[PDB]
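> This structure is in structure tokens; I'll ask about it shortly.
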Amino acid sequence: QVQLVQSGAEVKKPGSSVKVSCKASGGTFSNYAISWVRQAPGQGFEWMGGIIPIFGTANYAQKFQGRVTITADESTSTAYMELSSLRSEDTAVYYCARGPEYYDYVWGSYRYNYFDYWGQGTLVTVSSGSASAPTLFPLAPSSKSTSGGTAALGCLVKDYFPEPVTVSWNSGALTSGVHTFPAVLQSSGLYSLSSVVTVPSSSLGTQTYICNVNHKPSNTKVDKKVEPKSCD
Amino acid sequence: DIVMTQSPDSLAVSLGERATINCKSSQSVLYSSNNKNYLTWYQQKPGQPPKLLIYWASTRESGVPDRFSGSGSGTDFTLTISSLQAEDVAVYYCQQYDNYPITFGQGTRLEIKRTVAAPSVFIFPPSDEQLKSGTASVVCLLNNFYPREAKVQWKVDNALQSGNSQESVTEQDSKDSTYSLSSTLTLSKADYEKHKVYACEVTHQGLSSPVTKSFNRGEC
């Protein structure tokens with residue numbers, strides 16, 4: 001069962017370069033093509049180019065030709081996309097995608113067609129601003145966040161830059177009833193979001209609840225234990 | 001480049017009914033050598049990478065359910081989703097591969113229709129930890145409602161707040177076809193400490209009259 005696993009989120013200054021990796025696990029590139037497709041905010045997906053690893057042959061869209069290099073190491077079943085001379089407008093989620101090829105007899109070449117397996121994506125933010133970690137505040141459960149046998153609790157994930165964060169609960173053991181809201185950009189230039197979960201209110205006395213936040217761009221992970229309110 | 005235009009840009013369809021999504025190319029994407037339309041459809045569910053549904057305009061990818069079908073030729077194509085299921089909430093994209101470079105449609109967002117569901121409304125005071133820093137964030141949570149339209153108003157000492165709250169809404173959940181919403185009121189510590197009663201008032205089609213959640217600063 002084939003899976004493509006990309007490198008983590010990146011924050012980069014204008015003018016710099018980024019290299020994003022894409023590793024085929026439980027798998028190999030075989031005679032498939034690996035493309036890179038991005039999606040920038042407010043824009044459609046854009047095919048940047050691709051490579052057929054068995055041949056070593058890469059093609060690029062005109063828009064990026066001269067600034068993008070796609071390579072593949074068959075020994076490691078890992079592909080790469082290097083994008084140089086970065087601009088603000090390069091801020092996007094970058095996907096690797098595998099797909100087949102068809103042979104065009106009229107032009108005497110293999111051609112890229114469609115993408116049957118996509119990687120999880122890599123958010124690359126191009127900014128002159130520096131990365132900064134989130135500060136976690138509890139959304140503590142109380143009489144004002146309960147209804148019948150249910151209680152709501154959460155974490156406010158405040159003042160980080162750039163996106164993304166990953167939020168888990170109890171190291172991924174708690175997934176039912178979790179809503180992690182989309183981040184909002186603050187007038188400070190920093191992002192904020194909350195993650196909430198509903199749980200049985202009877203468990204507030206006995207079960208520990210910790211939100212785990214990973215913020216790769218600032219190389220920070222934060223865990224916060226969320227306790228119920230008391231009149232103490 | 002070939003331009004791919006989808007229609008409509010969004011739609012809302014009832015479960016068990018048919019959804020139709022169109023895709024037009026600015027020039028033919030019919031490849032003469034095998035007389036296939038070089039046209040593919042992807043589904044991108046919330047929180048996930050795209051998934052291949054259909055290629056050659058009408059051929060389902062192995063394992064894609066029967067209820068997904070693709071039709072059309074030349075410049076006009078359609079994805080039909082029959083007997084719609086909750087797990088079909090997604091943005092749907094078409095893509096051509098007849099002409100270099102590969103290009104994509106702008107997407108069509110499919111929402112699922114359902115019966116009205118009132119939100120559960122919860123409120124969270126700011127943490128003492130946060131206040132010590134100079135800011136107070138007060139959070140009002142509207143959980144699992146439908147349709148997405150609601151009114152959410154903050155009152156501080158009974159005074160309607162404007163310009164100091166931010167709302168964020170989740171994508172529609174496949175498990176129950178609902179939305180949730182967080183409203184965060186941000187005040188300075190000084191302003192937070194000048195007032196006592198903090199209230200989130202919610203109006204929604206599922207509620208016979210508005211629901212208020214409130215607390216009094218400093219009181220448990």
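Following the order of the structure tokens, first chain is A, next is B, and so on, with residues numbered from 1 inside each chain and ligands from 1 in the order they appear.
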When you look at range 212-221 of chain A with a cut-off of 6 Å (counting only C-alpha atoms), what residues show up, excluding the ones that are within fewer than 5 positions of it in the same chain? I need them as a PyMOL selection string.

chain A and resi 10-11+131-133+165-169

> Within 9 Å of residue 65 in chain A, counting only C-alpha atoms, which residues qualify if same-chain residues fewer than 6 places away don't, as a PyMOL selection string?

chain A and resi 48-49+59

> With N, CA and C atoms kept, could you save the residues just selected as a PDB file, in the first residue's frame?


ATOM      1  N   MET A  48       3.977  22.307 -11.134  1.00  0.00           N
ATOM      2  CA  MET A  48       5.294  22.938 -11.271  1.00  0.00           C
ATOM      3  C   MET A  48       6.211  22.198 -12.237  1.00  0.00           C
ATOM      4  N   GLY A  49       6.121  20.858 -12.232  1.00  0.00           N
ATOM      5  CA  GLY A  49       6.944  20.040 -13.120  1.00  0.00           C
ATOM      6  C   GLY A  49       6.920  18.636 -12.545  1.00  0.00           C
ATOM      7  N   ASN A  59      10.730  17.655 -16.332  1.00  0.00           N
ATOM      8  CA  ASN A  59      10.138  18.722 -17.112  1.00  0.00           C
ATOM      9  C   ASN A  59       9.499  19.694 -16.139  1.00  0.00           C
TER      10      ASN A  59
END

> Identify all chain A residues at most 7 Å from chain B by counting only C-alpha atoms; ligands do not count. Present them as a ChimeraX atom specification.

/A:44-47,61,113-116,118-120,137-140,144-145,181-182,230-231

> Please dump the current selection as a PDB file, in the first residue's frame; keep N, CA and C atoms.


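Now in result-v9.pdb:
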ATOM      1  N   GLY A  44      -5.480  28.509  -7.849  1.00  0.00           N
ATOM      2  CA  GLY A  44      -5.852  27.107  -8.098  1.00  0.00           C
ATOM      3  C   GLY A  44      -4.599  26.269  -7.919  1.00  0.00           C
ATOM      4  N   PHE A  45      -4.708  24.932  -7.897  1.00  0.00           N
ATOM      5  CA  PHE A  45      -3.520  24.142  -8.016  1.00  0.00           C
ATOM      6  C   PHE A  45      -2.733  24.517  -9.298  1.00  0.00           C
ATOM      7  N   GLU A  46      -1.434  24.442  -9.176  1.00  0.00           N
ATOM      8  CA  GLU A  46      -0.467  24.668 -10.262  1.00  0.00           C
ATOM      9  C   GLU A  46       0.518  23.545 -10.330  1.00  0.00           C
ATOM     10  N   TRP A  47       0.617  22.887 -11.494  1.00  0.00           N
ATOM     11  CA  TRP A  47       1.636  21.895 -11.716  1.00  0.00           C
ATOM     12  C   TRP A  47       2.982  22.601 -11.954  1.00  0.00           C
ATOM     13  N   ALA A  61       6.981  23.507 -15.779  1.00  0.00           N
ATOM     14  CA  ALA A  61       6.113  24.504 -16.369  1.00  0.00           C
ATOM     15  C   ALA A  61       6.983  25.780 -16.661  1.00  0.00           C
ATOM     16  N   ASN A 113       0.274  12.391 -16.818  1.00  0.00           N
ATOM     17  CA  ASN A 113      -1.164  12.547 -17.051  1.00  0.00           C
ATOM     18  C   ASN A 113      -1.874  12.973 -15.775  1.00  0.00           C
ATOM     19  N   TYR A 114      -2.017  12.021 -14.864  1.00  0.00           N
ATOM     20  CA  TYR A 114      -2.855  12.281 -13.652  1.00  0.00           C
ATOM     21  C   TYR A 114      -2.142  11.695 -12.441  1.00  0.00           C
ATOM     22  N   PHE A 115      -2.671  11.918 -11.260  1.00  0.00           N
ATOM     23  CA  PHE A 115      -1.883  11.655 -10.080  1.00  0.00           C
ATOM     24  C   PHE A 115      -2.662  10.731  -9.164  1.00  0.00           C
ATOM     25  N   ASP A 116      -2.236   9.482  -9.057  1.00  0.00           N
ATOM     26  CA  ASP A 116      -3.024   8.581  -8.301  1.00  0.00           C
ATOM     27  C   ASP A 116      -2.757   8.504  -6.802  1.00  0.00           C
ATOM     28  N   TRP A 118      -1.176  11.159  -3.711  1.00  0.00           N
ATOM     29  CA  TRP A 118      -0.611  12.430  -3.328  1.00  0.00           C
ATOM     30  C   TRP A 118       0.018  12.346  -1.937  1.00  0.00           C
ATOM     31  N   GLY A 119       1.091  13.097  -1.718  1.00  0.00           N
ATOM     32  CA  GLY A 119       1.729  13.260  -0.416  1.00  0.00           C
ATOM     33  C   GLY A 119       0.854  14.186   0.430  1.00  0.00           C
ATOM     34  N   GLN A 120       1.200  14.324   1.712  1.00  0.00           N
ATOM     35  CA  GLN A 120       0.339  15.026   2.673  1.00  0.00           C
ATOM     36  C   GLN A 120       0.445  16.556   2.483  1.00  0.00           C
ATOM     37  N   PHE A 137      -2.893  28.479  26.226  1.00  0.00           N
ATOM     38  CA  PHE A 137      -3.742  28.769  27.382  1.00  0.00           C
ATOM     39  C   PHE A 137      -4.851  27.786  27.488  1.00  0.00           C
ATOM     40  N   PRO A 138      -5.224  27.397  28.708  1.00  0.00           N
ATOM     41  CA  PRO A 138      -6.324  26.477  28.818  1.00  0.00           C
ATOM     42  C   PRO A 138      -7.690  27.104  28.511  1.00  0.00           C
ATOM     43  N   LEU A 139      -8.566  26.294  27.921  1.00  0.00           N
ATOM     44  CA  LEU A 139      -9.985  26.587  27.878  1.00  0.00           C
ATOM     45  C   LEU A 139     -10.571  25.645  28.885  1.00  0.00           C
ATOM     46  N   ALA A 140     -10.586  26.108  30.144  1.00  0.00           N
ATOM     47  CA  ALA A 140     -10.818  25.190  31.261  1.00  0.00           C
ATOM     48  C   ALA A 140     -12.320  24.820  31.331  1.00  0.00           C
ATOM     49  N   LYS A 144     -19.955  26.462  33.029  1.00  0.00           N
ATOM     50  CA  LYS A 144     -20.322  27.223  31.819  1.00  0.00           C
ATOM     51  C   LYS A 144     -19.932  26.537  30.543  1.00  0.00           C
ATOM     52  N   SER A 145     -19.326  25.362  30.630  1.00  0.00           N
ATOM     53  CA  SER A 145     -18.991  24.612  29.471  1.00  0.00           C
ATOM     54  C   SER A 145     -19.496  23.175  29.538  1.00  0.00           C
ATOM     55  N   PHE A 181     -10.073  24.546  15.217  1.00  0.00           N
ATOM     56  CA  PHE A 181     -10.554  25.581  14.346  1.00  0.00           C
ATOM     57  C   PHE A 181      -9.454  26.123  13.370  1.00  0.00           C
ATOM     58  N   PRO A 182      -9.847  26.600  12.216  1.00  0.00           N
ATOM     59  CA  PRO A 182      -8.879  27.288  11.376  1.00  0.00           C
ATOM     60  C   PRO A 182      -8.281  28.478  12.086  1.00  0.00           C
ATOM     61  N   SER A 230     -12.279  25.527  39.542  1.00  0.00           N
ATOM     62  CA  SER A 230     -12.852  25.336  40.862  1.00  0.00           C
ATOM     63  C   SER A 230     -13.023  26.662  41.591  1.00  0.00           C
ATOM     64  N   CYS A 231     -13.870  26.674  42.604  1.00  0.00           N
ATOM     65  CA  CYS A 231     -14.092  27.845  43.427  1.00  0.00           C
ATOM     66  C   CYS A 231     -12.880  28.163  44.290  1.00  0.00           C
TER      67      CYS A 231
END

> May I have all residues of range 14-153 of chain A that DSSP, computed from the backbone, assigns to strand (DSSP E or B), given as JSON, numbers by chain?

{"A": [18, 19, 20, 21, 22, 23, 24, 25, 33, 34, 35, 36, 37, 38, 39, 45, 46, 47, 48, 49, 50, 51, 52, 57, 58, 59, 60, 68, 69, 70, 71, 72, 73, 78, 79, 80, 81, 82, 83, 92, 93, 94, 95, 96, 97, 98, 99, 101, 102, 103, 104, 109, 110, 111, 112, 117, 118, 122, 123, 124, 125, 126, 132, 135, 136, 137, 138, 139, 146, 147, 150, 151, 152, 153]}

> If you run DSSP on the backbone, which residues of range 127-167 of chain B are alpha helix (DSSP H), as a ChimeraX atom specification?

/B:128-132

> Give me the residues near residue 202 in chain A as an MDAnalysis selection string, where near means some atom within 10 Å (using only C-alpha atoms) and where sequence neighbours in that chain fewer than 6 positions away do not count.

chainID A and resid 149:151

> Once you have the residues from the selection above, write them out as a compact mmCIF listing (two decimals), in the first residue's frame, restricted to N, CA, C and O atoms.


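Wrote selection-v5.txt, looks like this:
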# COMPACT_ATOMS: atom_id res chain seq x y z
N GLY A 149 -24.49 15.34 30.44
CA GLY A 149 -23.37 14.55 30.80
C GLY A 149 -22.11 14.94 30.05
O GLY A 149 -21.15 14.16 30.07
N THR A 150 -22.16 16.07 29.31
CA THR A 150 -21.06 16.43 28.44
C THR A 150 -20.38 17.69 28.88
O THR A 150 -21.03 18.68 29.22
N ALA A 151 -19.07 17.66 28.82
CA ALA A 151 -18.27 18.88 29.04
C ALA A 151 -17.38 19.20 27.87
O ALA A 151 -16.74 18.29 27.22

> List the spatial neighbours of residue 27 in chain B as an NGL selection string - criterion: any atom at most 8 Å away, only C-alpha atoms, same-chain residues fewer than 3 positions off excluded.

:B and (2-3 or 74-75)

> Restrict the selected residues to N, CA and C atoms and save them as a PDB file, in the first residue's frame.


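Full text of result-v7.pdb as output:
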ATOM      1  N   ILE B   2      -4.148  25.727 -21.250  1.00  0.00           N
ATOM      2  CA  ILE B   2      -5.589  25.499 -21.253  1.00  0.00           C
ATOM      3  C   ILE B   2      -6.207  25.942 -19.923  1.00  0.00           C
ATOM      4  N   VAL B   3      -7.285  26.713 -20.028  1.00  0.00           N
ATOM      5  CA  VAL B   3      -8.055  27.130 -18.861  1.00  0.00           C
ATOM      6  C   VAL B   3      -9.242  26.190 -18.597  1.00  0.00           C
ATOM      7  N   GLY B  74     -14.585  16.352 -25.406  1.00  0.00           N
ATOM      8  CA  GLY B  74     -14.060  17.575 -26.041  1.00  0.00           C
ATOM      9  C   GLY B  74     -13.765  18.695 -25.052  1.00  0.00           C
ATOM     10  N   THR B  75     -14.719  19.597 -24.885  1.00  0.00           N
ATOM     11  CA  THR B  75     -14.569  20.708 -23.947  1.00  0.00           C
ATOM     12  C   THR B  75     -15.540  20.739 -22.746  1.00  0.00           C
TER      13      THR B  75
END

> Work out how far CA of residue 224 in chain A is from CA of residue 194 in chain B, in Å to one decimal.

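Spanning CA of residue 194 in chain B to CA of residue 224 in chain A is a straight-line distance of 29.0 Å.
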
> For residue 170 in chain A, list every protein, DNA or RNA residue within 10 Å, evaluated using only C-alpha atoms, and leave out those in the same chain fewer than 2 positions away; present the list as a ChimeraX atom specification.

/A:168,172-175,208-212,223-225

> Produce a file of the selected residues containing N, CA and C atoms, as an mmCIF file, in the first residue's frame.


data_model
loop_
_atom_site.group_PDB
_atom_site.id
_atom_site.type_symbol
_atom_site.label_atom_id
_atom_site.label_comp_id
_atom_site.auth_asym_id
_atom_site.auth_seq_id
_atom_site.Cartn_x
_atom_site.Cartn_y
_atom_site.Cartn_z
ATOM 1 N N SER A 168 -2.824 17.859 18.879
ATOM 2 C CA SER A 168 -3.361 16.537 19.260
ATOM 3 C C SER A 168 -3.780 16.610 20.700
ATOM 4 N N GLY A 172 -2.571 11.898 20.877
ATOM 5 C CA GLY A 172 -3.284 11.251 19.800
ATOM 6 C C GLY A 172 -4.221 10.158 20.272
ATOM 7 N N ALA A 173 -4.273 9.876 21.585
ATOM 8 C CA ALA A 173 -5.218 8.875 22.138
ATOM 9 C C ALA A 173 -6.688 9.364 22.140
ATOM 10 N N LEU A 174 -6.891 10.675 22.153
ATOM 11 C CA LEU A 174 -8.194 11.329 22.149
ATOM 12 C C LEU A 174 -8.400 11.990 20.808
ATOM 13 N N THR A 175 -9.270 11.418 20.006
ATOM 14 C CA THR A 175 -9.634 12.042 18.736
ATOM 15 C C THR A 175 -11.128 12.311 18.581
ATOM 16 N N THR A 208 -6.954 12.762 32.839
ATOM 17 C CA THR A 208 -6.071 13.863 32.470
ATOM 18 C C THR A 208 -6.292 14.238 31.003
ATOM 19 N N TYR A 209 -6.301 15.539 30.737
ATOM 20 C CA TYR A 209 -6.444 16.057 29.372
ATOM 21 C C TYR A 209 -5.324 17.050 29.044
ATOM 22 N N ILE A 210 -4.497 16.683 28.049
ATOM 23 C CA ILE A 210 -3.358 17.471 27.627
ATOM 24 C C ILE A 210 -3.480 17.717 26.141
ATOM 25 N N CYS A 211 -3.363 18.980 25.747
ATOM 26 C CA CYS A 211 -3.250 19.320 24.315
ATOM 27 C C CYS A 211 -1.768 19.411 23.953
ATOM 28 N N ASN A 212 -1.402 18.814 22.828
ATOM 29 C CA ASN A 212 -0.017 18.759 22.360
ATOM 30 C C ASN A 212 0.038 19.550 21.084
ATOM 31 N N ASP A 223 3.109 21.206 25.371
ATOM 32 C CA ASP A 223 2.055 20.408 25.957
ATOM 33 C C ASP A 223 1.491 21.199 27.097
ATOM 34 N N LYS A 224 0.161 21.248 27.180
ATOM 35 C CA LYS A 224 -0.520 21.927 28.278
ATOM 36 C C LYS A 224 -1.614 21.045 28.848
ATOM 37 N N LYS A 225 -1.540 20.843 30.137
ATOM 38 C CA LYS A 225 -2.575 20.075 30.871
ATOM 39 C C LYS A 225 -3.733 21.027 31.170
#

> When you look at range 121-128 of chain A with a cut-off of 8 Å (counting only C-alpha atoms), what residues show up, excluding the ones that are within fewer than 5 positions of it in the same chain? I need them as an NGL selection string.

(:A and (6-14 or 20 or 86-96 or 162-164)) or (:B and (49))

> Would you export the selected residues with N, CA, C and O atoms as a tab-separated table (two decimals), in the first residue's frame, please?


chain	number	residue	atom	x	y	z
A	6	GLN	N	6.21	13.60	2.94
A	6	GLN	CA	6.96	14.79	2.66
A	6	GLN	C	7.61	15.30	3.91
A	6	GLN	O	7.17	14.99	5.02
A	7	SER	N	8.57	16.21	3.69
A	7	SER	CA	9.24	16.91	4.78
A	7	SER	C	8.30	17.97	5.35
A	7	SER	O	7.26	18.29	4.75
A	8	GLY	N	8.67	18.50	6.50
A	8	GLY	CA	7.81	19.37	7.26
A	8	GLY	C	7.73	20.79	6.77
A	8	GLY	O	8.51	21.24	5.88
A	9	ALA	N	6.86	21.55	7.40
A	9	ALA	CA	6.64	22.91	7.04
A	9	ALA	C	7.88	23.78	7.19
A	9	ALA	O	8.75	23.52	8.03
A	10	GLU	N	7.98	24.82	6.36
A	10	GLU	CA	9.19	25.65	6.24
A	10	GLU	C	8.82	27.11	6.20
A	10	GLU	O	7.85	27.49	5.62
A	11	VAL	N	9.63	27.95	6.81
A	11	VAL	CA	9.48	29.40	6.64
A	11	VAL	C	10.79	29.92	6.05
A	11	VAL	O	11.83	29.52	6.47
A	12	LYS	N	10.73	30.74	5.02
A	12	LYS	CA	11.87	31.12	4.24
A	12	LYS	C	11.82	32.59	3.91
A	12	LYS	O	10.75	33.14	3.68
A	13	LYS	N	12.99	33.22	3.86
A	13	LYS	CA	13.06	34.63	3.48
A	13	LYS	C	12.95	34.82	1.98
A	13	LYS	O	13.43	33.94	1.22
A	14	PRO	N	12.36	35.94	1.53
A	14	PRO	CA	12.45	36.21	0.09
A	14	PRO	C	13.89	36.18	-0.42
A	14	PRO	O	14.81	36.66	0.26
A	20	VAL	N	12.15	20.48	-0.71
A	20	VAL	CA	11.12	19.71	-0.06
A	20	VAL	C	11.38	18.29	-0.54
A	20	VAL	O	11.65	18.10	-1.76
A	86	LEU	N	13.07	32.70	-3.95
A	86	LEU	CA	11.72	32.68	-3.41
A	86	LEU	C	11.09	34.08	-3.35
A	86	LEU	O	11.75	35.06	-3.01
A	87	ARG	N	9.80	34.12	-3.67
A	87	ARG	CA	8.99	35.33	-3.59
A	87	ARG	C	7.80	35.06	-2.67
A	87	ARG	O	7.39	33.91	-2.47
A	88	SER	N	7.27	36.14	-2.10
A	88	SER	CA	6.03	36.11	-1.32
A	88	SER	C	4.98	35.21	-1.93
A	88	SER	O	4.31	34.42	-1.25
A	89	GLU	N	4.78	35.37	-3.23
A	89	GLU	CA	3.80	34.60	-4.00
A	89	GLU	C	4.06	33.10	-4.06
A	89	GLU	O	3.23	32.36	-4.59
A	90	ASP	N	5.23	32.65	-3.64
A	90	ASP	CA	5.53	31.23	-3.51
A	90	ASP	C	4.96	30.62	-2.25
A	90	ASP	O	5.07	29.43	-2.03
A	91	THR	N	4.39	31.42	-1.37
A	91	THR	CA	3.75	30.85	-0.19
A	91	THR	C	2.59	29.95	-0.65
A	91	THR	O	1.67	30.40	-1.33
A	92	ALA	N	2.65	28.70	-0.27
A	92	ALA	CA	1.74	27.66	-0.82
A	92	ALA	C	1.95	26.35	-0.09
A	92	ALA	O	2.96	26.15	0.55
A	93	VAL	N	0.98	25.46	-0.23
A	93	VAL	CA	1.15	24.04	0.13
A	93	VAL	C	1.69	23.33	-1.14
A	93	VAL	O	1.06	23.41	-2.20
A	94	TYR	N	2.84	22.68	-1.00
A	94	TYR	CA	3.52	21.95	-2.07
A	94	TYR	C	3.24	20.48	-1.84
A	94	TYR	O	3.55	19.97	-0.72
A	95	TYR	N	2.72	19.81	-2.88
A	95	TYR	CA	2.41	18.39	-2.89
A	95	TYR	C	3.33	17.67	-3.85
A	95	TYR	O	3.55	18.13	-4.96
A	96	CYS	N	3.88	16.55	-3.45
A	96	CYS	CA	4.30	15.58	-4.45
A	96	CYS	C	3.16	14.66	-4.77
A	96	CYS	O	2.30	14.34	-3.90
A	162	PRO	N	4.87	31.14	11.16
A	162	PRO	CA	3.72	31.13	10.27
A	162	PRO	C	2.93	29.89	10.60
A	162	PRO	O	3.16	29.21	11.60
A	163	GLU	N	1.91	29.64	9.80
A	163	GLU	CA	1.23	28.35	9.86
A	163	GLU	C	2.25	27.27	9.43
A	163	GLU	O	3.25	27.57	8.76
A	164	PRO	N	1.94	26.02	9.71
A	164	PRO	CA	0.86	25.47	10.48
A	164	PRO	C	1.31	25.02	11.90
A	164	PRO	O	2.52	24.95	12.19
B	49	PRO	N	-5.17	15.40	1.59
B	49	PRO	CA	-4.68	15.60	0.23
B	49	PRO	C	-5.73	15.17	-0.81
B	49	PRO	O	-6.63	14.41	-0.47
